[PDB]
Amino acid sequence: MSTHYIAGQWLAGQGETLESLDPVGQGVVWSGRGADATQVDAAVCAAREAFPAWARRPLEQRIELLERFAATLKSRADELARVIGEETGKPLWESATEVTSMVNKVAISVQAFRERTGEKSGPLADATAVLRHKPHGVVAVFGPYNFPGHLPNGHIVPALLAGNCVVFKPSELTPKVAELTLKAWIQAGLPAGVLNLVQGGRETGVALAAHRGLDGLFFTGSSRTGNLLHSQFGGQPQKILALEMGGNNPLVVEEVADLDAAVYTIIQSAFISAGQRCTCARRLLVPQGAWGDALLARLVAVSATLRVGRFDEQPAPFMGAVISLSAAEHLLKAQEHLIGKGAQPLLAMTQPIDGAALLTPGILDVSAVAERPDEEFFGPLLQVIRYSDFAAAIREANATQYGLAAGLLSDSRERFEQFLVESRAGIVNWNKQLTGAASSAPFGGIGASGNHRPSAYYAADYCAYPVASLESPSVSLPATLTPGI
């Protein structure tokens, strides 16, 4: 019954029933009716009504509320980790780190706001030049399922900080996490209408994206969906759109002295979250020859031993299920399809429990595949390409329309310096796993992975617009008038 949160109260949905299912055992974890078009309009109108007072209040009051939210999350951390685990399959240790990221987002967002969208004042001739930044108004946040708390939070926190009001539409796959996140905001004192939650599937998302009352839409999800949204907004520059989309991220591994360290780094890059982070390594470039062979064989051996299991299983698993049976089925077909085109399974991905979305890591050598898809496979399926020399590695790493992350494992600083020069990505690491980018830095992909509105530290930039003012306490005549007067 308490499905949507609009204008400061909960209400039942009137649209299609939505259920989220435990990815392993398939039990219903949450259900409710989606928001119909009417309820979506109510959510936008609620944000609209709340906006003037929220925008008008002192910044420090908005900061206090965001700080109370982080403190409330912290106090409910175990409960939220458990819900994230229940719904996404993520092991408890990993879900806990997601909650920690949500808590930490507040202080970092405050720092970024003062730096990127703060207030400055200075003399300019006879007058005073002031710079301020102001919120857009009502913004929709579309959440993904992979970090169902942290990634929407990475839009919601800086948006509310700047003085916008938000309508949050979570992934239909992770509604329970969103519900609990709203409960933390509510417990923290958030004013009615400042943040509104509309749950639902396609129809709800479509109605919100189409709503003319939005001043902005902040999105994390697939490049397919984000491109649709971008096309939809073509010719409407008045509405700010921030698109954080997927990638096809290469990890280049030169022969390095500490081979086990490299193998561990590859696993953390490719298979953490069962390969469901935006930044996971999708293609592993490994040089031809004996060392490369040893690297791969060790990777395959260690990856085969990785614990895959239930979120709350003990001993704790390294990774959990993919988000649904549908997603697992789709990945197994991608593996089958590639193998059909000549890919060699160095370690074949399997589904060890019938009717559960658990998948074991996959490592496929696609060196011999003629035409390789420039496609993002959102799961633990790592493609390997063997390369002849470093220039060919760089060429291959760049052979994608995407541009989120890239990385080099190499003992050579000179080699990394070249890699930086030739890379085409928002995140470029040296000897560190591709995953776990810190909120203290901007996070945005280029090419098909974004629309030049990087999030994380730079989220501030799309949450407020600059207002430049020249101010003087009275009109006055200049000492010398312009000619002709």
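From 1 onward, residues are counted along the sequence shown.
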Look up the CA B-factors in the entry and say which stretch, 213-221 or 84-92, has the higher mean.
84-92
Test of understanding: from the entry's C-alpha B-factors, which stretch has the higher mean, 448-456 or 417-425?
417-425
Of the choices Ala127, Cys165, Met349, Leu229, which one's C-alpha carries the largest B-factor in the record?
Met349
Sort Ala242, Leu151, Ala281, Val366 by C-alpha B-factor from the entry and give me just the highest.
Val366
Classify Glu179 as lowest, middle or highest third according to the C-alpha B-factor given in the PDB entry, relative to its own chain.
lowest
Taking only the Cα B-factors deposited for this chain, tell me whether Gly205 sits in the lowest, middle or highest third.
middle
By the record's CA B-factor, is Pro473 among the lowest, middle or highest third of residues in the chain?
middle
Hey, what third does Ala437 fall into on Cα B-factor, ranked over its chain?
highest
Name the third of the chain's ranked CA B-factors that contains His155, choosing lowest, middle or highest.
lowest
